[PDB]
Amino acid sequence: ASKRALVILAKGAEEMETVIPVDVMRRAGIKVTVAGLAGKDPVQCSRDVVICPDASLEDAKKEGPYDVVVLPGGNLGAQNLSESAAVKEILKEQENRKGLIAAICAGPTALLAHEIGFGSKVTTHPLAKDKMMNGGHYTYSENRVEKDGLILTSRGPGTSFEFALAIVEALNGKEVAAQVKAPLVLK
């Protein structure tokens, strides 16, 4: 029974923070759905890479629930996630069922917007710290990956492998994470 991941892809998402987790999760045998916030049309990422989603978010939701919901960063992508009523519903449902939520870079600021996981330790990109910490609803961490129970956060493009492997470990265990890691030629 393969674990399942929903990756929510919005215009302006950081394409490295999208593709690295998708690829690494698929290497781990996770069934990943790349869901387009705006529909099933191609998505123009922050550095103009264009990714064609597997499904619209609307359709992907109907196939839930998922073992993890993943929010990439990119400031504009995160803002689009933060403004979305559909994302709010998905995240609240995931929180209510005690499912993992993973967000990287500016992505965690969508948790703030949707009032998810208050009281957790979190990290973000350094430049997103002040936005995330508005109101003091979370406790800030400088760890490259932070995990406080079912809220898993990370910092930037250069922490994306660590973030992805932390998701793999949480879903499929340490041994699978180590097996997936070795062929990547990480330092």
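Numbers for residues come from their place in the sequence shown, where the first is 1.
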property: Entry-level comparison of average CA B-factors, 147 to 155 and 64 to 72, reporting the higher stretch; result: 64 to 72
property: Per the entry, higher mean C-alpha B factor between 35 to 43 and 22 to 30; result: 35 to 43
property: Largest Cα B-factor, entry values, listed residues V50, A128, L57, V122; result: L57
property: Cα B factor band for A170 (lowest, middle or highest third within the chain); result: highest
property: Relative C-alpha B-factor of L184, binned into the chain's lowest, middle or highest third; result: lowest
property: Third of chain Cα B-factors occupied by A85; result: highest
property: Ranked against its chain, the third holding the CA B-factor of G99; result: highest
